[PDB]
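Undergrad:
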Amino acid sequence: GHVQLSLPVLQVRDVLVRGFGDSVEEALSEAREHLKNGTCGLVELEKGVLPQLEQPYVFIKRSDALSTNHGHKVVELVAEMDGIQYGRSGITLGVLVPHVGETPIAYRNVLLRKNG
């Protein structure tokens, strides 16, 4: 189940603007909406990445809400200020950014929770 969705994958060094906003719930909402528009892209979480983003790093984690093994890499939209949790984990599949033409190197599919 869930909706299937794709995004581009951009370099954090081309993505001049990696903030959707400057609070958690802001960036989470705007992310959901830049996804709804389709003007979002993905940035992979690597060791030097957080202290180049703004702050409310809109993460994707592989849906810790289930107990089954048989599926695609499903994820869900989440956000943290210091990246206290999630970003500093191995769940976590990247951080979203507003796509402004930064030239992708790749694309990253996921599914997207839709209750009804």
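127 is the number that full-length UniProt numbering gives the last residue of the sequence shown; the numbers go up by one with no jumps.
Built from N, CA and C at the ideal position, the CB exists for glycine as well.
What does DSSP give as the partner residue(s) for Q66 in the beta ladder?
TA: Bridge partners of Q66: none, in fact.
Undergrad: What three-state label does DSSP hand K72 in the structure shown?
TA: If DSSP states are grouped into helix, strand and coil, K72 belongs with the strands.
Undergrad: Measuring CA to CA, which of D75, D33 and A76 is closest to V108?
TA: The residue with the shortest Cα to Cα distance from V108 is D33.
Undergrad: Can you tell me which of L46, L21 and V106 puts its alpha carbon nearest to the alpha carbon of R73?
TA: Closest by alpha carbon: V106.
Undergrad: Starting from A42, trace the alpha helix (DSSP H) in both directions and tell me its first and last residue.
TA: Note, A42: alpha helix (DSSP H), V35 to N48.
Undergrad: State the DSSP-derived secondary structure class of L122, mapped to helix, strand or coil.
TA: In the structure shown, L122 sits in a strand (DSSP, three-state: E or B).
Undergrad: Within 10 angstroms of its Cβ, does residue 10 collect 16 or more other Cβ (buried), or is it exposed?
TA: Only positions 12 to 127 of the chain appear in this structure, which leaves residue 10 out of reach.
Undergrad: Taking all protein chains shown into account, decide if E91 is buried (16 or more other Cβ within 10 angstroms of its Cβ) or exposed.
TA: Classification of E91: buried, given that the 10 Å Cβ count is 16 or more.
Undergrad: Tell me the DSSP bridge mates of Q15?
TA: Answer is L122.
Undergrad: Could you tell me which of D75, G82 and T79 sits nearest to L88, measuring between CA atoms?
TA: Selected option, being the one with the closest Cα: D75.
Undergrad: Which residues share a DSSP beta bridge with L61?
TA: For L61, which the question treats as bridged, DSSP gives no partner whatsoever.
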